[PDB]
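Before any comments, here is the structure.
We place every Cβ from the backbone using ideal geometry, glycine too, and count neighbours over all the protein chains shown. What follows is calculated from the coordinates using simple rules that are stated; it is not laboratory data.
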Amino acid sequence: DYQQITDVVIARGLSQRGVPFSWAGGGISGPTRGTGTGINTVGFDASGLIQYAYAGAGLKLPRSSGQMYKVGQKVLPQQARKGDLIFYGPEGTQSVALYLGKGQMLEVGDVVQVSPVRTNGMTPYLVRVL
């Protein structure tokens, strides 16, 4: 069911903790070399990590956080549930992160990491994928 598939997606994302940030790096099958500053770093950008996680549900999310945000069903902050996507920037064009429950999210800083939910520039809706 949806809860078990969400658990698979979360476990997939979490398994990548410690993988480096790489500009334009990664995707549905795992981290890859990026472009620009990421050209010699096998890793993930924010979109890449989220694509990777959700490939556990057989889905191919859009590559850009902005298009992920546009296409996805919106839920309100007070309804946040593990597996929901948190966005940053206007219309979510800056970045995306995976809500884990309990006020934590999975994101890519300088490496893939769990963090408290960042508030600065948070987009007003979350997306519920499943």
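Remark: pairs (first residue in the range 88-108, on the phi > 0 side of the Ramachandran plot; second residue in a strand (DSSP E or B) and not aliphatic (A, V, I, L, M); Cβ separation under 7 Å; 6+ apart in sequence or on different chains) = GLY89/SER95; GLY103/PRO116.
Yes/no per residue for (1) free of Cβ contacts under 8 Å to residues at least 60 places away in the same chain; (2) assigned to a strand (DSSP E or B); (3) polar (S, T, N, Q); (4) more than 23 Å from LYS102 (Cα to Cα):
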residue	(1), (2), (3), (4)
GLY13	no, no, no, no
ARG17	no, no, no, no
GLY25	yes, no, no, yes
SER47	yes, no, yes, no
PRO62	yes, no, no, yes
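Restricting to the range 95-130, count the residues that are surrounded by fewer than 16 Cβ atoms within 10 Å (Cβ to Cβ), in a loop (DSSP other than H, G, I, E, B) and either polar (S, T, N, Q) or under 11 Å from the mean Cα position of the chain (by Cα) (or both). Number satisfying all stated conditions: 2. The set of residues in the range 9-43 being touching a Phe, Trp or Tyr at 6+ places or on another chain (Cβ under 8 Å), within 17 Å of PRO62 (Cα to Cα), among the hydrophobic types (A, V, I, L, M, F, W, C) and buried (at least 18 other Cβ atoms within 10 Å of the Cβ) consists of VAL9 alone.
Which one of these is among the aliphatic types (A, V, I, L, M) and either under 16 Å from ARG12 (Cβ atoms) or in contact with a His (Cβ under 6 Å, 6 or more places away or on another chain) (or both): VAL75, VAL129, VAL42, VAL117? Going through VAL75, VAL129, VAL42, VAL117 in turn, just one is among the aliphatic types (A, V, I, L, M) and either under 16 Å from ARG12 (Cβ atoms) or in contact with a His (Cβ under 6 Å, 6 or more places away or on another chain) (or both): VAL129.
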